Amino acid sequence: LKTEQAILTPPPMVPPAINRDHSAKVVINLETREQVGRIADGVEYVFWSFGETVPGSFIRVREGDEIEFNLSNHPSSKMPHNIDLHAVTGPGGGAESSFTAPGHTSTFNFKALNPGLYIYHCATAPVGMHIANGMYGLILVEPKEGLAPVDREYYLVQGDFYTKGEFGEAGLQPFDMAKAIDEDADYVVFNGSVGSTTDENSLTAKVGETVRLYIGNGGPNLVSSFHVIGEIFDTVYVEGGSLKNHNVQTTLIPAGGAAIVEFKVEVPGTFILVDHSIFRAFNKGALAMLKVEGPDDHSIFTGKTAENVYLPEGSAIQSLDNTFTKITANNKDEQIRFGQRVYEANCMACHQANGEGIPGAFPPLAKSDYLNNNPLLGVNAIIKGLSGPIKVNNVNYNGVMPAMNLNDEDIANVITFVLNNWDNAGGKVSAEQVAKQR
């Protein structure tokens, strides 16, 4: 086996196809860095990265290659870093073997046993923090026979980011672990920032070309409903596996997962890669462009065209004139009818459509001496819950009704509804009577 140096490429670029009918020893040299970068216009963030970029450098090897993996951590790094590649068969995917303090180096070796497109990421405590700061990338293990040649290959990885400040707030934004743990992202992006791959930084192709996208999802947390606006995937390698799906509009990419999608571009214009959990795209930044140049094909698409729609919208909260006014019951008939709504929405699942309950389990509200003898017991049952021995129409019950957080109006109305149905005692209970039971 001859040794070769891996050619690593920054996103959105991909190394050339392997030019070997046989195995080699591949030497990889990757460094870990911590540095400030732009996350959106006017907003900065300390990105942690494999090789200077988020996602990290793309690695391309052949199934069966013997890999020497060298990780070096810059001395300016404050944290140790390591690597788990999903392409590795071995403990921690390399994590135990690549633990690298600032200024130091580690080396491990592995054979690439499985072809596919694999996420790699840092595996240093706090793991979610390292990953959330941008420490992820892709390694392609080509099948022995190689992949079909295509005209354009691009590398993108989606990530969710969590900042102390809100989206768009100017300044150097720190990581917010409270948001990250809650899975509540401020930014969702391809390739490390809002607008990383739009306008002059767009992916490019020409009419008639085949395009392949190597799409990863570094997470840490979110699952991508991955879609290209104005295109349909001719082929999807399902979850990056061997299975090929065709004619797919939108595919799910797991957190810590990847997929390969392919399509021929037949019409010129801008095609927009998004996470179709759609506020992530137009509000949080999960929007990249593929700009296709060449002659119109009016047999495929013809219409007015102007790049004045599908622009980024930001994350400010937009509101229309509010239409809501509180409604309260004014008389007994109205309490009964409002109460029926409360009953059917909240009580019926147990006590049933005609108040009959389920014998031995949920007692009847229909002709209930328990309720009729003191309607405030029905009020208390809702507010406080009801458990333990009770008697309803001389039948013993011993179940548990949960407390339910209904307001005074709803309780007053539902109890009034029940009292005026199913041969119960009639009368009514008011919201103020309920308030005083609290």
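Residue numbers run from 1 along the displayed sequence.
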(request) Could you check which stretch, 326-334 or 164-172, carries the larger mean CA temperature factor in the entry? (result) 326-334
(request) Give the stretch, out of 61-69 and 39-47, with the larger mean C-alpha temperature factor in the deposited entry. (result) 61-69
(message) Out of 288, 135, 306, 127, whose C-alpha atom has the biggest B factor in the entry?
(response) 306
(request) Pick out which of 222, 207, 180, 139 has the highest C-alpha B-factor in the PDB entry. (result) 207
(request) Within this chain's modelled residues, let me know which third the CA B factor of residue 52 belongs to: lowest, middle or highest. (result) highest
(request) Within this chain's modelled residues, let me know which third the CA B factor of residue 187 belongs to: lowest, middle or highest. (result) lowest
(request) Could you tell me which third, lowest, middle or highest, the C-alpha B-factor of residue 271 occupies within its chain? (result) middle
(request) Would you please rank residue 153 by its C-alpha temperature factor against the other modelled residues of its chain and give the third it falls in: lowest, middle or highest? (result) middle
(request) For residue 295, return the chain-relative third of its C-alpha B-factor as stated in the PDB record: lowest, middle or highest. (result) highest
